[PDB]
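Below you'll find the structure, written out as structure tokens, and then a few comments.
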Amino acid sequence: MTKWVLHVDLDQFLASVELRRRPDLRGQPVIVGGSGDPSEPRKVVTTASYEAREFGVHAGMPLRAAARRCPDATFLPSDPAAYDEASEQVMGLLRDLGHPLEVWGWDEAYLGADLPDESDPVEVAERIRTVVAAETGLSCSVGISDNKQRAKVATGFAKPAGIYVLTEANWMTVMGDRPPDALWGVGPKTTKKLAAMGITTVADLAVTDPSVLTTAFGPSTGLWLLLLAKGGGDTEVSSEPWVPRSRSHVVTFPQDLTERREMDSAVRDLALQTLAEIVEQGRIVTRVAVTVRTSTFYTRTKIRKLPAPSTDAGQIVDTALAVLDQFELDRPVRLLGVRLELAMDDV
DNA sequence: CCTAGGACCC
DNA sequence: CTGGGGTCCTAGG
Ligand SMILES: Nc1ccn([C@H]2C[C@H](O)[C@@H](COP(=O)(O)NP(=O)(O)OP(=O)(O)O)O2)c(=O)n1
Ligand SMILES: [Mg+2]
Ligand SMILES: [Mg+2]
């Protein structure tokens, strides 16, 4: 038997869901985000189709910028319920292959497989791609390795509509001259810190003296960085259901708020909304966090623990408005948010 | 034991 | 000009 980890990731997810209702747009630039109006201020791209990506459009880009770069794009509004339904379909199908399946957010999953000699993980990945497309109308790509971190890196090579195997046989030859942010969990700030140590590539990091890393990053994290660079990772695929730690809602206002009354009212509303959604899922609140962003884009969050976990609406609102009260509120307000941290122990 | 917030990801 | 929704860990009262 040979043990594999497969990492499945939906291609251009939100665009691919829209394309199933608009098959005439396959092969054309499609941009999903806001209300489908590319001139609307304070709205951004949530997904650009691969064709729009060749024009430099990417998630986060303001729609008016996207329209400037990609004049021949069809702009569609965001349809969150269709996306949540398509997510559910795909994972339902993936679970029914009879392998341990670990869903990771919305559009991806890790699958564990122990394969007899007669089979090949590439042909299994093929079948996954086939079943998802036949039953859902959606394309996925599949990375293959022997650990989750490496399989995820493989997926980035597998894109679009494809499959890629990355193992001890080829890890360092493919990855060795890549910057450390090619690794999963490393980003630009860790990369900058590494560079000031003389480490500029995956290969450099993989042969770094462990005591250089543990002094700079801590005794666990430094060893973990060395492991990631060597292409190692997590090997167990858990089917245990994911328990969310928190839920949040923010809103960027079409115009900046200048009246306290309105700020209070928005926070009250966001608390109430978030609370009802966590109650409907059976959850209890532990902490209440409020975020404020000024017209200058100066952004801060403050948090306060309840005296005991609760779902009491008046308590939770009073706490959010007391947290909001801590902010200066001297400048116009562009954004307000509430996050509810959730009890993890019993349910 | 608590909050602030950096860093990284979809 | 610059969206929305998350997780984890550390720095420091
Ligand atoms: N900055 C971001 C990144 C992702 N997302 C949403 C929309 C994406 O289609 C979806 C999935 O993330 P993704 O898998 O990183 N990318 P996407 O599926 O569009 O493309 P590929 O995975 O084919 O490259 O999360 C977002 O709303 N804001
Ligand atoms: Mg994807
Ligand atoms: Mg993804």
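Quick note: numbers below take in every heavy atom, side chains included, and nothing from hydrogens, waters or symmetry partners. In what follows, chains carry the letters A, B, and so on, assigned in the order in which the sequence lines appear, proteins first and then strands, with residues in each chain numbered from 1.
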Nucleotide [N], atom [atom2] - distance to [atom1] of [X] in whole Å:
{"X": "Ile303(A)", "N": "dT10(C)", "atom1": "CD1", "atom2": "P", "value": "18 Å"}
{"X": "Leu342(A)", "N": "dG6(C)", "atom1": "CG", "atom2": "P", "value": "9 Å"}
{"X": "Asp84(A)", "N": "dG6(C)", "atom1": "CG", "atom2": "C1'", "value": "14 Å"}

Exercise. Less than 4.5 Å apart, any side-chain heavy atom of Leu19(A) and any of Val30(A)?
Worked result: yes
Exercise. Within a strict 4.5 Å, meaning less than it, do heavy atoms of the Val338(A) and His249(A) side chains meet?
Worked result: no
Between the side chains of [X] and [Y], does any donor sit under 3.5 Å from an acceptor?
{"X": "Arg129(A)", "Y": "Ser139(A)", "value": "yes"}
{"X": "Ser141(A)", "Y": "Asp11(A)", "value": "yes"}
{"X": "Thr136(A)", "Y": "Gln89(A)", "value": "no"}

Exercise. Touch check for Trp224(A), heavy atoms < 4.0 angstrom, all strands: base, sugar-phosphate only, or nothing?
Worked result: nothing
Exercise. Reckon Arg287(A) touches a base, only the sugar-phosphate, or nothing at all at heavy-atom distances under 4.0 Å?
Worked result: base
Seminar exercise, completed: Rounded to the nearest 0.5 angstrom, the CZ-CZ distance for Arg283(A) and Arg245(A) is 8.5 Å
Exercise. Excluding sequence neighbours, so at least two apart, what forms salt bridge (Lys or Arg N to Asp or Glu O under 4.0 Å) with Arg287(A)?
Worked result: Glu341(A)
Problem set entry | Contact residues, residues 317-328 of chain A to DNA chain C [heavy atom, < 4.0 Å] | none
Listed pairs, N/O of protein and of nucleotides 1-5 of chain C, under 3.5 Å:
| residue | atom | partner | partner atom | Å |
| --- | --- | --- | --- | --- |
| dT2(C) | OP1 | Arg42(A) | N | 2.7 |
| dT2(C) | OP2 | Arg334(A) | NH1 | 3.4 |
| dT2(C) | OP2 | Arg334(A) | NH2 | 3.0 |
| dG3(C) | OP1 | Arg334(A) | NH2 | 2.8 |
| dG4(C) | OP1 | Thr252(A) | N | 3.1 |
| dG4(C) | OP2 | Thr252(A) | N | 3.4 |
| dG4(C) | OP2 | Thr252(A) | OG1 | 2.8 |
| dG5(C) | OP1 | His249(A) | ND1 | 2.8 |
| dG5(C) | OP2 | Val250(A) | N | 2.8 |

Check ion pair [X]-[Y] (N to O, under 4.0 angstrom):
{"X": "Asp264(A)", "Y": "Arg260(A)", "result": "yes"}
{"X": "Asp181(A)", "Y": "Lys189(A)", "result": "no"}
{"X": "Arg21(A)", "Y": "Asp79(A)", "result": "yes"}

Problem set entry | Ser246(A) vs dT7(C): side-chain N/O to OP1/OP2 distance below 4.0 Å | yes
Exercise. Excluding sequence neighbours, so at least two apart, what forms side chain to side chain contact (heavy atoms under 4.5 Å, CB included) with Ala229(A)?
Worked result: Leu183(A), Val202(A), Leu205(A), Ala206(A)
Collect all protein-nucleotide pairs involving nucleotides 11-13 of chain C in which both atoms are nitrogen or oxygen and the distance is under 3.5 Å.
none

For this session: Tell me, with the steps shown, if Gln281(A) and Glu277(A) meet side-chain hydrogen bond (donor to acceptor under 3.5 Å, both in side chains).
Result: CA-CA 7 Å; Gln281(A) 301 150 36; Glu277(A) 291 165 5; 5.5 Å; no
Write out a two-atom table: protein N or O, nucleotide N or O from nucleotides 7-10 of chain B, distance below 3.5 Å.
| residue | atom | partner | partner atom | Å |
| --- | --- | --- | --- | --- |
| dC8(B) | OP1 | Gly187(A) | N | 2.8 |
| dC8(B) | OP1 | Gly187(A) | O | 3.3 |
| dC8(B) | OP1 | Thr190(A) | N | 3.0 |
| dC8(B) | OP1 | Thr190(A) | OG1 | 2.8 |
| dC8(B) | OP2 | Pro188(A) | N | 3.3 |
| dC8(B) | OP2 | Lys189(A) | N | 2.9 |
| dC9(B) | OP1 | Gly185(A) | N | 3.0 |
| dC9(B) | OP1 | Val186(A) | O | 3.4 |
| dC10(B) | OP1 | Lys152(A) | NZ | 2.7 |
| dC10(B) | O3' | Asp107(A) | OD1 | 3.0 |
| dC10(B) | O3' | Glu108(A) | OE2 | 3.2 |

For this session: Let me know which of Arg293(A), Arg42(A), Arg331(A) forms a salt bridge (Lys or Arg N to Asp or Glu O under 4.0 Å) with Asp256(A).
Result: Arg42(A)
